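**Q** The data below comprise the sequence and an experimental structure of the protein.
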Amino acid sequence: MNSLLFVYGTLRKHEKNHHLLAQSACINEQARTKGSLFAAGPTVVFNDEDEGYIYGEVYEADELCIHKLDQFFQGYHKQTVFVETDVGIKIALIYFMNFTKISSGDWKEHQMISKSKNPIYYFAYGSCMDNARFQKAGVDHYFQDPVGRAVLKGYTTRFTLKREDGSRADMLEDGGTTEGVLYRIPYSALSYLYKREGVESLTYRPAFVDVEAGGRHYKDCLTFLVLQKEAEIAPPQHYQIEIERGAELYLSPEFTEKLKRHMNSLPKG
């Protein structure tokens, strides 16, 4: 009698307790619930003044797994919450212990910034595959060590950020497949990306994906995903050209052709 389980801390993929989940299927890599995240280990707190979110992952946990977790996490209680995902709202279990707030609501993002992770493997799927804006900002020197083409299973590149002149890119966790460029960057390049991606204004959020590049697997690569997703509309021309140049440089011809056809098929705002 499997149960959906939302994890936000030490149970997330590639964290120290993740092995407790055993072979539980990951249903959503990208998920959130309204509430606050604190470093105490990590815990969550829910109150009626919450205006932000806790980010995490949804797994399908069997009874054995839930017993194991109950026994491991002494002093924690559990409840269910409504979890927002790229494919709808789900009800899932969550563990909590009744510390310092993590503004981002995202434990992995907190680990990255608070430990000054260096290097960062940064996965770009749109105009960050091109270099002209980097060059204008004086940061292209950080974006000259591409690992190269990288494949991401489970996501589609879609144009879900609505702006007045057209859409901007996103990746939706909808079971498709997509490509992008993985860069090896210093920690010191990160705040440029946070500004470009409007993190502080809740335009995009930092997010994490595992990708394949050069026959090798890279874990916990940083990317950015749209927060308020809308139906797709066409990107403006200037922006579309950036995507096209970067895709032509790095990505497979078959994928680049598909991406171009998708962009060109969309209705205008």
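**A** The structure has been received and is ready for your questions. Residues are numbered from 1 along each chain as shown.
**Q** hey, where'd the strands end up in the stretch 1-150 of the chain?
**A** For the stretch 1-150 of the chain, the strands defined by DSSP state E, counting those that start in this stretch occupy 3-7, 25-34, 36-39, 42-45, 53-61, 77-85, 88-96, 100-101, 120-124, 146-153.
**Q** Format these as CSV; extra columns: distance to residue 208.
**A** In short, each C-beta sits where N, CA and C put it, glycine included. As requested, the strands of the stretch 1-150 of the chain are exported to CSV (distance: least, CB to CB, whole Å):
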stretch, distance to residue 208
strand 3-7, 13
strand 25-34, 8
strand 36-39, 15
strand 42-45, 15
strand 53-61, 9
strand 77-85, 15
strand 88-96, 19
strand 100-101, 20
strand 120-124, 9
strand 146-153, 12
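**Q** and of the ones you listed, who's closest to residue 249?
**A** strand 146-153 (9.1 Å; CB to CB).
**Q** Could I get the buried residue list for the closest one?
**A** Applying a neighbour-count criterion of 16 or more other CB atoms under 10 Å, the buried positions in strand 146-153 are 146-147, 149-150, 152.
**Q** Now do the contacts for residue 46.
**A** Contact analysis of residue 46 by CB atoms under 8 Å, 6 or more residues apart in numbering lists 34-36, 81, 96.
**Q** can the residues you listed go into TSV with extra columns for neighbour count?
**A** Converted to TSV, those look like this (neighbours: other CB atoms under 10 Å):
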residue	neighbour count
34	15
35	18
36	19
81	20
96	17
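**Q** related to what we said a few turns ago, and the strands of the stretch 1-150 of the chain: which comes nearest residue 243?
**A** It's strand 120-124; of those, that one is closest to residue 243 (CB to CB) at 10.1 Å.
**Q** what's next to that closest one, contact-wise?
**A** Applying CB under 8 Å, 6+ apart, the set of residues contacting strand 120-124 from outside is 112, 128, 147, 150, 152, 180-187, 189-190, 193, 209, 211, 218, 220-223, 246.
**Q** of the residues you listed, buried ones?
**A** The neighbour-count test (16+ other CB under 10 Å) applied to those identifies 112, 128, 147, 150, 152, 180-183, 185, 189-190, 193, 209, 211, 218, 220-223, 246 as buried.
**Q** among those residues, which are in strands?
**A** With strands identified by DSSP state E, the entries of the buried ones among the contacts of strand 120-124 that belong to them are 147, 150, 152, 180-183, 185, 209, 211, 218, 220-223.
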